[PDB]
Each structure stands twice: as structure tokens, then as C-alpha cells.
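Okay, here's the structure, questions in a sec.
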């Protein structure tokens, strides 16, 4: 049939009592790797200690600060996609929905010091894209939330990692099944931009966007839905992001190969294939929905078959 | 979705028994589709769909069509309809099989790539009652297709600025490519040069002063002698170019240049050929059949 | 339904050897062809032998892409069973005994890499006169880095006239103690050579086409340009492409634990599904 | 600028009107054979 996955993590960056089933969950690597990675990947004339400060000041005020070092057996593993969306709600073009998302998730979680945690995470992402350690290399697609069990400051998630979505029987309130849903601020579809607007199969991509201009970093991600394959999808987005590519490549006998555009200086986006919709034509509904006490708009997909082989395709 | 993505291509009721027998003689050949529906039409696998600007295309344009589309395999044809299984979208696909349409063999285990028909005349089936040509993409192993793509992109660059034989397993097959216009050419050359640029980096200077070490090794060892003389550049520079003492690298105690100049080349190299050409979607895995496969025998495969 | 492979271990096995083959529960082997009856002289190292002597690292990276891998399930004192991964949907609990310097988190995609470290996988079946090397099961994320660092070290070593790799909060050093680094330097030279030759041929071909690349300003013109020579371009692509597809190594497996331990220290066994 | 450049054209344009046809037939003009109704399953949004 399908395939489930399980993970126990803390509940600092994610609370399944607040996410609804069908929300995408993301997994993180250990933050300790960033130290050595930035130690060997930072650009000459730039000090990665700003990344160190970002990480250190982030993890100083998120949860129990201890244990996050090497001896970590329990960790902050999973984060919600809506979380990583609402901490960067200042770059999504459809402002009003993203702003509703942000205020809702600031009010729905613990209530205390999340404004703190949010800007901590925003500053951390800014710093990493500034020291040429990209977020796409550390954040992967875990699954779609199916069922959970929580305790004091610790959770136990089980999510769908492969196969059709609605073939997963869960003990919910309304009906034994559940469908996928994403916040309406990250939903960007490549097809209508390029105007091919055809029915049939559509892939679902998870695409990041990088704008590295000095002291003006920028990181945001969307969930693409296009007809293109994984080969020419890079061409398509590279096309309708011309200004970012330009301002990134321009401002990112002795040979003297100094100050030339390198691959990390010219990078602007990276994407992955995560599923597909083998239906007759895709229907989706943007209905306003409640996260506990607040109302935020979402996208309700139908018939998504999660895929795999989590390999990132880069675009410089 | 638990079965392979079946496809129901329809034949008009006005097709001659001769053409239906011809179709019977092509079960197991590969076709493509513009979009991926479930009730397709015969028009969408004919040459009337491979038209750029209202004309039959060239070897470069078709080479872009073959990856701008989706692929399928003709399992069996019937008077009612035509059946085909999608390849690289819905994972489950058991016992699939292909027909080898190529002037070379098919070794067990190699990966399969598909080309536009270049070698000689194509095995084109002309359906006259509807007026549709049907040409089937080739079936070429991956290690060989690269030589063809290189030798065709060279001809493209040459035609734009200002050999057609390839040896494989001791056999000479002539290349009859054509480019009746000019925009696909530079559309390819721009990618060529773009990916050519992002290879050079800081550590290339250190990699350059290592040319004379490569020369003295070319004198010292034997396979280095096979490697050095096909390189139409290194054999000249290390004998006619010099690089003085490299200056110290800015913040030389933290970063490391060679790591970058060699890591940003693994990425840019794998994706190279899959941009000037196509990727490999299928790999011949004969379980209990013959050892190799002659031109025109039915194979057994699993998708990449 | 699942594909099944039998390997009939012969007699004359020293019980001190079978005692170690009993430890080979969950290691990966490869065949050149998929059958049901497999002879022990097919997974032995003596099968590769691409050019006489034992294969290189380039030779092994080229093998791992053409052969069909199969994981060794339970072994009994008589014979050895194995299930082919890649096709067949193995219904049993297809576990993997990770053999890698670094850990394995929950939910990684695992690829293969020849023993480019302190090789100790070899089980030395002397009584029969053949030996079997297993591959390293590394995560897909460390795949682009390990190759790059191990080749950069050698390309600096030939440039005679803290290099640690980190993952999941653990650090594994690459600087082997002995500065008498023969042997492994020899089983890696045709890679550093074949790679180096490609990059130099690319650089000295780029600069030989456009006469306004660096002479119109390495910052002003080079970037503004960004926004039989004709049998050499061919010679460059026709080799750079074969190298790239060799170092691709698409994943084959994925570690998905379900109510167990969330980390796989080297030498433990865990459940794995196929991709 | 309104100067006549010594040439003339014949503009052409085509128009598509929606009309209501009126159809007539004779008695027993065609034989309409009908075959056998067959079924086949196929996977979907999760069911059949």
C-alpha cells in the first residue's frame, strides 16, 4: 500500500496538536555540522563567526540550551513547513495571507518567547546563506503528518513517506482518511506563469530561493506544482526569476582567477521532487481554515502520491 | 495508484489491415507524449506534433523534444485501441520490455538512452489513411550516446562559427546530422559555454603549475602516455606556457581552494551531458534470456 | 514473490571462517548477472579484475553502476541466501548492518562507495582461495564531499615540488597517521589523473575561444559576458560526461526505523526499505 | 502622417456566426449495430 515513518523529537519547533494532518513536516540535520562546513566554505575576506553568533544566540533561547552539542541523543529534529514559512513572511508576494499565517502561528504556539524564536530562526537562515552554507543542504522532506502522541515537551510523529495520500487509515475525529494541505502563502505554481495550463500529470517540487546581496540576505521557499519534468523545471524558474539571477551573478602570464563569479556566489534557487499527482486534472481549493482560534487560508490538494530520491537540483 | 500508468491510444476505424499488421510489427517500441492524459489520441504520437514553427524539426530540436516530453512503451496493439505504459512517473512497472532499435548490440546491465533517428534512414511507419508519420526514437547505451552528442555539438558550433564517423566495438557508423536553421544551435552553445565557465576557480592556478609534473609522469609511466596525447591543449601549454609563483590566497588559514575547484566540478559534470542530451531512463537487466541482444530483439528492462 | 538468490557454500570451509561468515548478516554483495543459483566465485573480489590486477577506485566506481546489488539475508551453516534489491519487493525485514565510519540517522538515503578509507571489510577465505569485499553504505548527503576531500588530499600530495568530515555531531579524521602513505595512493591515481586532465582541458579551452574574456577585465567583461580545435571540444565533453555519470551514484536504499533506535552506530543492524 | 504612399489593399476578415441547423432524415436510413458492454477497473484517488 503505502509507507509510514516514525520519529521522536522535541516539540520546540513543531506541535502536532496544532498542525492538522496532511501538513508537510521537514527534518533538520545536526547544527554542529554547520561549524566545520562554514569553516571550510566561507568566502575569503569574510568571517563565519557571524554564523556562529547566529546559531549560538538562536539555541540560547529556544529550549533547554544544554544537550544541543555532541552528546545529543534527543534533539530538535522536525519542523513544520508552516513554521519555516511564517518566520520569513516578509518576502512572500501575497502579503495578507502570509501575515495571517505569521500572527496565527505566533499566537497558537506556547505564547511566550516565540517572537524570539522566530527572528532567531530568521537571523540564523540569513547568516547561513551569507556564509555560503545553504539551507537546502540541511533541510529535507520528512513526510505528511498522519498521527501523533505528545507529552511534556516531547512528541512522537508518524507520517506518510511513500505512496498515495488517502490510503492511510487514521483514528481522526471526522473520517478515517485525511488529505494533504499547505499554507496558502507558499503555494506557487510554475505552470500558469509560463501559461501552458494543461491537464494531466503534475509534479510537486520543494524549491528554495536565494538572494545574497551584501548585508541584505534573503531566503524563502515555495511548494511548486508544475507539468514540467525535473530536467527542464530548472530552466523554467531560472527564466521567471531573471532579476534575482542577474543581481546575484553581478553582486555575489599570471592567471589571477580572483573575484570571479563562483558557483556559490551565483546560486539563487534549489529544488527537489517529492511527489506527483496522477489524476485527470488537478483540482485544489483555497478555503479559509482555523488554527485553533485564528483563521488562515490554505490549499487543499487531492490525490498526491509522495515520491522520493531526495536529491537537490541546483540553479546558478 | 498501485498499477503502472496505462495509456489508451485510439486508432480511427479507417486504418488499413496493412497498417495494423505494421503496428503488430512494432509492439515493444517506445513513443512519447506531449502531456500525460489517460485517453490519448493517435495525433499526439505522430510527427505532426514534432513541429517547431511549422516544419519537421532537426536533430537538435528533437533532442529537446525527447526530454521535454514523457515516455511510454507499446506493450500490445489491438484492433480496439493501443496500450502503452508510462515510464518515469509512476514507480510500479513490472516485467517491462523493449525492442532494440539500433545498429549496435545491447550488453546486459548497461543503461539505455534514446536518440532521434540519425544513422541512415529511419524505420518510419507512414499511416496514409490519416496522413501521419510515426518515427520511433532510438535505443542507445549511455556510454556510447555521449560520443554522438559531442560529435554533433561540435558540428553545431562549427556551422555557427565557420569526424561524422564514430567507431564503437570495431564498427564505423556515419553521422548524418543536419541543422537547417540556426537558433537551436546557439541555444545549445550558450549552455555549453555557461557550464564551461563555472568550472574554473581559484585552485585552477595550482592545478596549472602541476602540468609539468604531469609531463614528467607522462615520461615516467605508460597510461599517462595514452592520456596526454589526446589532450590537444596540455601537450602545448606545459611546453609553451608558464605560470609564475602564485600569490598567497586571501585568508589562507581558514578556507581551501582545491576543495571548491574540485567539488564544483563533480556537480557541473554529471548534469552536463544530460543538458546537451538526455538522461538514461532504462537499464537492460536480462534475468534468464540471452547474454547480449542483437539489433531488433525484444529485451527485458527496469526503469532507472 | 521476492527475488531469491542461493549461494551454496562448499565444504572444506574452516569453522573459523564460517564463524565470521555468520557475522555477514546484512552486508551488500553484487553480481554481474541475476540468477537463482550463484557460485561463490562470482561475488569474490577476483571477479572484477578489470585490468589484470585488483580493481582501482575508478574501476570500482564504474563497477558499482553496472552490477546488480543484493543484500545478504540470513545465512545457515550449509548455504547462503540473498535477496536482490532494486527489483522484486522483498517482503521480509530487509535489514542492513551498516559498515561506514559515520552514523546513520533515521530517514537517510544510502549509496555505495568503494573502501577509500582504512579498508577492513575483507573476509579472507583462504581455504578456498578467494576473498570478498563489501561496499561502504554512506548517506547521500556526504556523497559529494567524501570524494572531493579524498581526491584533494592526493592532488595536494602530488603537489610536493584539520581535514575532518563531520556528520550528526560526530567528526571522523581523514589524516591517516603514517606519512608512508603508499598503497591507497596507488589505488587512487587514475582518478586524480583522469579528473585533473579533464579540468585543465576545460580551462585551456575556455580561454581559447573568446578574445574578450579576461583581457576586457576579469570583473567587468567576464561577468558582463556571463549575463582542429573542433575535435577537441568533442574530446572534452566525451570524457567529462563519462566521469560525471560515474560519480552520480543514485541512492538505492533508505533507513526507516519504526519504534526502534533512532541512530545507527557503525556495526549495528537496522531496517531499510528500497527506493 | 496621412500621406498616401501610392498603394492600395483589399482587407479580408472571416466571421463565425452561431446558427441553428434543421435536420431531416428518411425512414430506416442506417443499421446501428451494437456490441458487448465490457468493464475494466483502474486505480484512482484511492478507490477504484
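Taking the simple approach of a point 7 Å from Cα along Cα-to-Cβ for both residue C:128 and residue B:183, what is their distance in nm?
6.4
For residue A:240 and residue C:210, FRET efficiency with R0 = 41 Å and r from the beta-carbon atoms, rounded to 0.05? Before the final figure, lay out the partial values.
Numbers: r = 28 Å, r/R0 = 0.69.
In this case the efficiency is close to 0.90.
Do the sum for chain A: with -39,500 (n - 2.57) for every DSSP H run of n ≥ 4, divided by all residues, what is the mean residue ellipticity at 222 nm, to the nearest 500 deg cm²/dmol?
Working: 8 runs with 78 residues, N = 316.
Theoretical 222 nm ellipticity from helices: -7000 deg cm²/dmol.
Please label the shape of region B:239-290 as rounded, prolate or oblate, based on the square roots a ≥ b ≥ c of the eigenvalues of the alpha-carbon gyration tensor (a/c under 1.5 means rounded; beyond that, a/b larger than b/c means prolate, else oblate). Could you put the intermediate results ahead of the total?
Numbers: a/c = 3.52, a/b = 2.61, b/c = 1.35.
In terms of gyration-tensor shape, prolate.
In whole angstrom, how far apart do the alpha carbon centroids of chain D and region A:1-65 sit?
Comparing the Cα centres of chain D and region A:1-65, I get a distance of 58 Å.
So if I restrict to the alpha-carbon atoms in region B:137-194, what is the Rg, and what is Dmax, the biggest pairwise distance, in Å?
So, for region B:137-194, Rg and Dmax equal 12.5, 35 Å respectively.
Further question: Please state the shape class of the protein assembly as shown: rounded when a/c is under 1.5, otherwise prolate if a/b exceeds b/c and oblate if not, all from the C-alpha gyration tensor. Could the numbers behind the result be given before it?
Numbers: a/c = 1.20, a/b = 1.12, b/c = 1.07.
Rounded, since a/c falls under 1.5.
Same structure again: Find the centroid of the Cα atoms in region A:181-255 and in region B:14-79, then give the distance between the two in whole Å.
The two parts, judged by their Cα centres, are 31 Å apart.
Still on this structure, please answer the following. Could you work out how far apart the two model spin labels at residue C:35 and residue C:14 are, taking each label as a point 7 Å from the Cα in the direction of the beta carbon, and quote it in nm?
The two pseudo-label positions are separated by 2.9 nm.
While we're here: In Å, what Kirkwood hydrodynamic radius results for region C:1-124 from the alpha-carbon pair distances?
Values: mean 1/r = 0.0632 Å⁻¹.
One over the average 1/r among Cα pairs gives 15.8 Å for region C:1-124.
Determine, from the Cβ-Cβ distance of residue A:52 and residue C:171 and an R0 of 25 Å, the FRET efficiency 1/(1 + (r/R0)^6), rounded to the nearest 0.05. Let's see the in-between values first.
Working: r = 17 Å, r/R0 = 0.67.
The computed FRET efficiency comes out at 0.90.
Right, next: Grab the beta carbon distance between residue A:288 and residue B:2, set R0 = 35 Å, and tell me the FRET efficiency rounded to 0.05. Mind dumping the intermediate values first?
Values: r = 35 Å, r/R0 = 0.99.
That pair, residue A:288 with residue B:2, gives E of 0.50.
Sort out for me the Cα centre separation of region C:216-275 from region C:152-187, rounded to whole Å.
Each part's Cα centre sits 21 Å from the other's.
Roughly what would the spin-label model give for residue A:152 and residue B:164, points 7 Å off Cα along C-beta, in nm?
8.3
Viscosity 1.002 mPa s, temperature 20 °C: Stokes-Einstein D of region C:73-204 from its Kirkwood Cα radius, in µm² per second?
Details: Rh = 18.0 Å.
Answer, rounded: 119 µm²/s.
What does DSSP give for the protein assembly as shown in terms of the percent of beta bridges that are antiparallel, rounded to the nearest 5?
Values: 113 of 117 bridges.
Restricted to the protein assembly as shown, the bridges split so that about 95 percent are antiparallel.
Using only alpha carbon pairs under 8 Å that are at least six residues apart, calculate the relative contact order of region A:21-99 and give it in whole percent. Kindly include the intermediate steps, with their values, before the conclusion.
Working: 39 pairs, mean separation 33.5, N = 79.
Once normalised by length, the contact order is 42 percent.
Sticking with this structure for a sec: Based only on other Cβ atoms within 10 Å, what is the fewest-to-most ordering of C:185, C:259, A:189, A:152? Please list the in-between numbers first.
Working: C:185 14, C:259 8, A:189 20, A:152 5.
Starting with the residue having the fewest Cβ neighbours, the order is A:152, C:259, C:185, A:189.
Virtual Cβ from ideal backbone geometry, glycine too; neighbours counted across all protein chains shown. Quick note: the coordinates plus some simple rules give every number you see, no bench work behind them.
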